Number of protein chains: 2
Amino acid sequence: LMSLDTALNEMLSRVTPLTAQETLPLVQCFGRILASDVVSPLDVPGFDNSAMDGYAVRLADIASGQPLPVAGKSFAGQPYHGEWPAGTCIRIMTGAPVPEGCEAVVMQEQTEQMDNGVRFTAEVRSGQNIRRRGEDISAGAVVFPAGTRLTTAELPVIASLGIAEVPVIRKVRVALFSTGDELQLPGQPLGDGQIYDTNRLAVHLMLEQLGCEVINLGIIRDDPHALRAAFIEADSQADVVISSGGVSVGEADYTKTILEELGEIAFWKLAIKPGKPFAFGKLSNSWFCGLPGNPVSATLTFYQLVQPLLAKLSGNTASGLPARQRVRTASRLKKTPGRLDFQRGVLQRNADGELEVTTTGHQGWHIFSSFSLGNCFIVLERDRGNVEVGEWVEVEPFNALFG
Amino acid sequence: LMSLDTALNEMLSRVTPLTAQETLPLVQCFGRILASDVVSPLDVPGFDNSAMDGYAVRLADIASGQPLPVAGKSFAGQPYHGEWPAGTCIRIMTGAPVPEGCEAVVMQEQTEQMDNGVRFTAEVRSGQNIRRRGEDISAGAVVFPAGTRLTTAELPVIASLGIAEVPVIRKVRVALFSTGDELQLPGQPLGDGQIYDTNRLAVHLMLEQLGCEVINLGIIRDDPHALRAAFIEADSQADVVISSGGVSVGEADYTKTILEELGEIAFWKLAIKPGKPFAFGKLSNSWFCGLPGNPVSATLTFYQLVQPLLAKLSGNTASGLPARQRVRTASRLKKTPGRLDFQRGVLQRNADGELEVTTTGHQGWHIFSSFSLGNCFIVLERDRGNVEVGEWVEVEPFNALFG
């Protein structure tokens with residue numbers, strides 16, 4: 001019934017980003033969200049300097065149309081600090097500080113040289129090949145705004161301005177547990193109708209990879225007291241508590257009564273596939289997400305719903321999900337109207353060098369192998385029925401959470 | 001003069017992957033390369049179970065054509081072991097062990113309630129909706145091959161089989177340093193012709209994200225003895241040693257003679273841009289890579305050369321670099337034949353929903369911002385000259401190192 005779009009915007013609208021902060025040395029900042037703007041302490045470049053290697057000149061002497069002899073020279077960090085006789089020109093090398101009153105720079109290949117003067121060529125427009133102090137970054141200006149996810153793209157710039165540490169928002173804290181007498185820990189023996197817990201592992205690797213501090217409270221026993229206890233501990237030290245399975249997502253039962261007792265939880269029926277149910281709301285001091293038991297529904301719900309909510313909590317201003325792109329199917333896809341279907345497929349180059357998707361295989365939720373064989377989702381529009389080789393289709397490549 | 005493909009091959013062909021290994025639990029394996037085939041020790045599923053919420057039935061009862069009182073139930077972890085006499089059925093939920101004698105399973109929508117049992121409106125085919133023990137993964141099979149980098153995609157399936165630990169190849173150990181009296185640490189004051197070291201930071205951040213154990217020796221002072229000792233130490237506990245700036249990449253000076261004294265170091269001139277010079281060879285017990293001084297060049301060289309070298313060394317069998325795709329330019333590209341040019345550009349969707357690249361701006365190596373403003377490389381073909389709006393062009397999206 002309810003649409004992904006609707007639920008996303010209902011979730012994100014209620015959430016307020018964190019703002020607690022700490023200050024760390026740059027080498028510890030990868031993935032972290034700058035808490036305040038970074039402002040440039042210095043000019044960059046720090047003085048007007050030469051774009052090309054060649055000759056520094058006064059627009060005056062260029063109308064002499066007569067060789068100009070080299071009075072002197074200015075290199076890397078050995079400026080020309082002297083008299084500039086009229087009718088002459090300076091040899092200059094890139095990164096080198098222009099000389100006092102220089103009006104332009106000419107690449108030497110645009111000026112045939114000589115053994116007694118420098119003969120120029122194509123008119124020398126003013127300012128040409130001069131990089132003006134603060135042209136790249138002007139001191140006092142805003143290099144990188146608050147809310148930016150720091151990376152190799154940004155951290156090295158910050159180091160270049162001489163800054164050793166920046167303020168970042170604290171890592172989001174998420175608490176995590178599963179429940180059900182059916183669940184068994186790995187290495188323990190599979191009882192009667194029992195299965196090994198996988199969703200909690202799955203939710204844990206993703207949280208850790210998205211940068212959160214995880215608090216894994218393990219498998220809670222099937223008891224209303226064990227369970228209340230677990231929520232009280234989860235809520236007291238996370239911004240977010242996640243049930244990777246077993247807690248209710250709609251079906252009437254005792255977990256559903258503990259959840260209704262401990263906060264405002266809505267139970268949504270999303271029009272997605274795989275999946276459907278998903279639980280969400282406020283507890284006392286945290287937000288609650290509850291996932292379906294199905295490994296495929298869980299993984300998927302977490303990735304399209306929780307992932308973006310953690311993004312926002314983190315202070316991050318960019319939406320933290322990859323962009324989609326339009327690509328040709330190379331496989332007949334089965335898709336039934338009514339539902340936004342996140343199938344998995346494989347994005348690869350054809351002979352022509354253009355991009356095409358193939359289905360992974362069966363898209364049923366009774367397996368996990370689609371996540372490995374795949375490398376993206378084929379996001380079939382809600383109303384679309386079947387698709388034939390060659391139709392167009394939106395594709396959303398997986399991120400680092402899946403390889 | 002030398003080509004990227006060439007050098008890359010020349011590097012990869014010399015390198016042997018590590019095989020030393022260590023055993024960790026799954027929750028610590030994200031990013032790790034699997035050391036030995038994971039072999040499934042059970043069938044999956046572990047027992048015939050229901051694909052649906054519904055009832056277990058038999059074809060003979062179904063055929064009578066009258067309601068079947070529910071003799072009992074089979075849940076998630078409560079497998080029904082009751083009597084199940086003729087003319088009855090067993091309410092059964094998804095994933096529940098089908099009962100003994102069960103010939104089929106119909107879902108809700110094919111079921112209409114009755115006061116004297118349950119009616120079955122739709123046809124019941126033999127075998128239907130019973131996931132059969134072992135149809136997904138069979139015991140003794142190989143689920144994931146050695147060499148497979150573990151991810152969210154695989155680590156849960158591994159837990160699904162009840163394994164708590166796997167052997168993985170030890171992280172590759174890399175040693176990092178720079179040298180030169182003009183290098184200043186961040187926060188310290190800028191001397192006369194000095195600069196803030198930034199390559200080293202950059203390389204440390206990328207290495208850490210690639211999952212390497214980094215050993216960061218800091219700035220080595222310009223002295224033949226301190227530099228030698230720094231090499232001898234890095235070589236004695238790293239598989240790879242990397243100069244992020246300051247050691248010769250060709251140019252004549254004391255760094256070069258040290259290199260030449262301590263290992264077999266080739267000094268390439270690559271036909272790429274930005275950059276050219278790169279340094280590579282074996283020291284006594286480790287590979288050594290030396291990057292150019294310039295920030296844009298060492299980054300680009302690290303990423304296109306050292307990254308793949310680290311991938312192979314790691315044990316990983318997928319070539320660890322993104323794929324390229326063919327895309328149209330919305331920007332005129334300045335390009336000179338002679339050199340494979342890795343420019344920086346912006347991949348975005350246009351109004352028709354098609355992907356296209358713009359330039360980020362100046363492709364000059366005097367600034368680093370193109371890495372920030374960008375989101376890919378426009379890998380311009382070596383012989384190509386300039387490119388006009390509308391031409392096809394190859395693009396290689398930035399990976400997680402740049403966001």
# chains A, B, ... in the order shown; residues from 1 in each chain; ligands from 1
>>> interface_residues(of="chain B", to="chain A", cutoff="7 Å", atoms="only C-alpha atoms", output="PyMOL selection string")
chain B and resi 27+30+76-79+97+151-154+156-157+159-160+162-164+186-187+193+196+198+201-202+205-206+325-326+353-354+368+371-372+401-403
>>> select_by_dssp(residues="region 240-389 of chain B", states="alpha helix (DSSP H)", output="PyMOL selection string")
chain B and resi 254-262+295-301+307-314+369-373
>>> residues_around(residues="region 383-393 of chain B", least_positions_apart="6", cutoff="8 Å", atoms="only C-alpha atoms", output="ChimeraX atom specification")
/B:326-340
>>> residues_around(residues="residue 167 (chain B)", least_positions_apart="6", cutoff="9 Å", atoms="only C-alpha atoms", output="mmCIF file with N, CA and C atoms, in the first residue's frame")
data_model
loop_
_atom_site.group_PDB
_atom_site.id
_atom_site.type_symbol
_atom_site.label_atom_id
_atom_site.label_comp_id
_atom_site.auth_asym_id
_atom_site.auth_seq_id
_atom_site.Cartn_x
_atom_site.Cartn_y
_atom_site.Cartn_z
ATOM 1 N N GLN B 21 48.120 -16.723 6.161
ATOM 2 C CA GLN B 21 46.724 -16.663 6.486
ATOM 3 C C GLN B 21 46.474 -16.651 7.977
ATOM 4 N N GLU B 22 45.277 -16.243 8.375
ATOM 5 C CA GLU B 22 44.886 -16.159 9.770
ATOM 6 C C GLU B 22 43.403 -16.375 9.767
ATOM 7 N N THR B 23 42.915 -16.852 10.889
ATOM 8 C CA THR B 23 41.512 -17.201 11.002
ATOM 9 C C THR B 23 40.733 -16.219 11.873
ATOM 10 N N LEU B 24 39.742 -15.554 11.305
ATOM 11 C CA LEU B 24 38.968 -14.671 12.129
ATOM 12 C C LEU B 24 37.535 -14.993 12.051
ATOM 13 N N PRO B 25 36.758 -14.556 13.034
ATOM 14 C CA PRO B 25 35.298 -14.651 12.966
ATOM 15 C C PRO B 25 34.718 -13.689 11.935
ATOM 16 N N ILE B 33 40.226 -11.153 2.001
ATOM 17 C CA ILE B 33 40.213 -12.195 0.981
ATOM 18 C C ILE B 33 40.181 -13.580 1.554
ATOM 19 N N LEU B 34 39.285 -14.406 1.085
ATOM 20 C CA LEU B 34 39.124 -15.740 1.629
ATOM 21 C C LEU B 34 40.287 -16.606 1.238
ATOM 22 N N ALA B 35 40.803 -17.386 2.182
ATOM 23 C CA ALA B 35 42.104 -18.091 1.952
ATOM 24 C C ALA B 35 41.912 -19.441 1.340
ATOM 25 N N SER B 36 40.812 -20.081 1.689
ATOM 26 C CA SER B 36 40.505 -21.404 1.217
ATOM 27 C C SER B 36 39.010 -21.561 1.048
#
>>> residues_around(residues="residue 274 (chain A)", least_positions_apart="5", cutoff="9 Å", atoms="only C-alpha atoms", output="PyMOL selection string")
chain A and resi 296-297+300-301+340-343+363-365
>>> write_last_selection(atoms="N, CA and C atoms", output="PDB file, in the first residue's frame")
ATOM      1  N   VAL A 296      16.503 -11.551   2.548  1.00  0.00           N
ATOM      2  CA  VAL A 296      16.479 -10.651   1.398  1.00  0.00           C
ATOM      3  C   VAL A 296      15.666  -9.405   1.682  1.00  0.00           C
ATOM      4  N   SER A 297      14.492  -9.524   2.296  1.00  0.00           N
ATOM      5  CA  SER A 297      13.664  -8.352   2.648  1.00  0.00           C
ATOM      6  C   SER A 297      14.372  -7.450   3.655  1.00  0.00           C
ATOM      7  N   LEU A 300      17.420  -5.604   2.026  1.00  0.00           N
ATOM      8  CA  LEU A 300      16.925  -4.588   1.108  1.00  0.00           C
ATOM      9  C   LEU A 300      16.279  -3.444   1.834  1.00  0.00           C
ATOM     10  N   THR A 301      15.529  -3.747   2.879  1.00  0.00           N
ATOM     11  CA  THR A 301      14.825  -2.687   3.573  1.00  0.00           C
ATOM     12  C   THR A 301      15.859  -1.819   4.238  1.00  0.00           C
ATOM     13  N   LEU A 340       6.925  -1.635  -6.513  1.00  0.00           N
ATOM     14  CA  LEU A 340       8.285  -1.160  -6.865  1.00  0.00           C
ATOM     15  C   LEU A 340       9.279  -2.304  -6.609  1.00  0.00           C
ATOM     16  N   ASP A 341       9.847  -2.862  -7.670  1.00  0.00           N
ATOM     17  CA  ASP A 341      10.572  -4.116  -7.555  1.00  0.00           C
ATOM     18  C   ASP A 341      12.066  -3.887  -7.735  1.00  0.00           C
ATOM     19  N   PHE A 342      12.849  -4.210  -6.703  1.00  0.00           N
ATOM     20  CA  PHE A 342      14.289  -4.004  -6.693  1.00  0.00           C
ATOM     21  C   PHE A 342      14.932  -5.334  -6.972  1.00  0.00           C
ATOM     22  N   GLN A 343      14.935  -5.709  -8.232  1.00  0.00           N
ATOM     23  CA  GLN A 343      15.548  -6.950  -8.641  1.00  0.00           C
ATOM     24  C   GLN A 343      17.024  -6.745  -8.650  1.00  0.00           C
ATOM     25  N   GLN A 363      14.649 -14.369  -8.857  1.00  0.00           N
ATOM     26  CA  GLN A 363      14.612 -13.155  -8.041  1.00  0.00           C
ATOM     27  C   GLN A 363      13.831 -13.376  -6.783  1.00  0.00           C
ATOM     28  N   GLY A 364      13.547 -14.630  -6.507  1.00  0.00           N
ATOM     29  CA  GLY A 364      12.829 -15.036  -5.316  1.00  0.00           C
ATOM     30  C   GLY A 364      13.657 -14.778  -4.086  1.00  0.00           C
ATOM     31  N   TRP A 365      12.951 -14.643  -2.976  1.00  0.00           N
ATOM     32  CA  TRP A 365      13.524 -14.245  -1.701  1.00  0.00           C
ATOM     33  C   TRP A 365      13.956 -15.409  -0.832  1.00  0.00           C
TER      34      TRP A 365
END
>>> residues_around(residues="residue 39 (chain A)", least_positions_apart="6", cutoff="7 Å", atoms="only C-alpha atoms", output="list in words")
residues 140, 141, 142 and 143 of chain A
>>> select_by_dssp(residues="region 128-166 of chain A", states="strand (DSSP E)", output="list in words")
residues 130, 131, 142, 143, 144, 165 and 166 of chain A
>>> write_last_selection(atoms="N, CA and C atoms", output="PDB file, in the first residue's frame")
ATOM      1  N   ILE A 130      49.139  34.381 -15.849  1.00  0.00           N
ATOM      2  CA  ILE A 130      49.491  34.814 -14.502  1.00  0.00           C
ATOM      3  C   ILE A 130      48.425  34.240 -13.564  1.00  0.00           C
ATOM      4  N   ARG A 131      48.856  33.680 -12.461  1.00  0.00           N
ATOM      5  CA  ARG A 131      47.915  33.112 -11.540  1.00  0.00           C
ATOM      6  C   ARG A 131      48.027  34.057 -10.397  1.00  0.00           C
ATOM      7  N   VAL A 142      35.571  29.907   2.380  1.00  0.00           N
ATOM      8  CA  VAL A 142      35.054  28.623   2.824  1.00  0.00           C
ATOM      9  C   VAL A 142      35.515  27.515   1.882  1.00  0.00           C
ATOM     10  N   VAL A 143      36.519  26.756   2.301  1.00  0.00           N
ATOM     11  CA  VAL A 143      36.987  25.639   1.478  1.00  0.00           C
ATOM     12  C   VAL A 143      35.941  24.511   1.391  1.00  0.00           C
ATOM     13  N   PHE A 144      35.517  23.980   2.530  1.00  0.00           N
ATOM     14  CA  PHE A 144      34.567  22.869   2.550  1.00  0.00           C
ATOM     15  C   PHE A 144      33.512  23.101   3.613  1.00  0.00           C
ATOM     16  N   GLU A 165      43.938  19.186  12.304  1.00  0.00           N
ATOM     17  CA  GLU A 165      42.735  18.533  12.821  1.00  0.00           C
ATOM     18  C   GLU A 165      41.517  19.383  12.486  1.00  0.00           C
ATOM     19  N   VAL A 166      40.403  18.678  12.303  1.00  0.00           N
ATOM     20  CA  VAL A 166      39.100  19.291  12.109  1.00  0.00           C
ATOM     21  C   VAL A 166      38.054  18.746  13.068  1.00  0.00           C
TER      22      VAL A 166
END
>>> closest_residue(among="B:100, B:235, B:123, B:264", to="residue 59 (chain B)", atoms="only C-alpha atoms")
B:123
>>> residues_around(residues="residue 216 (chain A)", least_positions_apart="2", cutoff="10 Å", atoms="only C-alpha atoms", output="JSON, numbers by chain")
{"A": [174, 175, 176, 177, 178, 200, 201, 203, 204, 213, 214, 218, 219, 234, 241, 242]}
>>> write_last_selection(atoms="C-alpha atoms", output="mmCIF file, in the first residue's frame")
data_model
loop_
_atom_site.group_PDB
_atom_site.id
_atom_site.type_symbol
_atom_site.label_atom_id
_atom_site.label_comp_id
_atom_site.auth_asym_id
_atom_site.auth_seq_id
_atom_site.Cartn_x
_atom_site.Cartn_y
_atom_site.Cartn_z
ATOM 1 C CA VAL A 174 23.317 2.042 16.657
ATOM 2 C CA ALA A 175 22.154 -0.855 18.780
ATOM 3 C CA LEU A 176 21.313 -4.193 17.274
ATOM 4 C CA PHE A 177 19.625 -7.417 18.283
ATOM 5 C CA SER A 178 17.610 -10.363 16.991
ATOM 6 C CA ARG A 200 22.200 -9.587 12.524
ATOM 7 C CA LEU A 201 25.553 -10.360 11.062
ATOM 8 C CA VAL A 203 23.082 -5.588 9.618
ATOM 9 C CA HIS A 204 26.316 -5.432 11.650
ATOM 10 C CA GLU A 213 29.480 2.567 16.359
ATOM 11 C CA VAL A 214 27.585 -0.726 16.702
ATOM 12 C CA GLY A 218 23.082 -10.640 20.421
ATOM 13 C CA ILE A 219 20.050 -12.961 20.247
ATOM 14 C CA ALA A 234 19.571 -0.451 23.504
ATOM 15 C CA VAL A 241 18.009 0.662 17.765
ATOM 16 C CA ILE A 242 17.520 -1.979 15.104
#
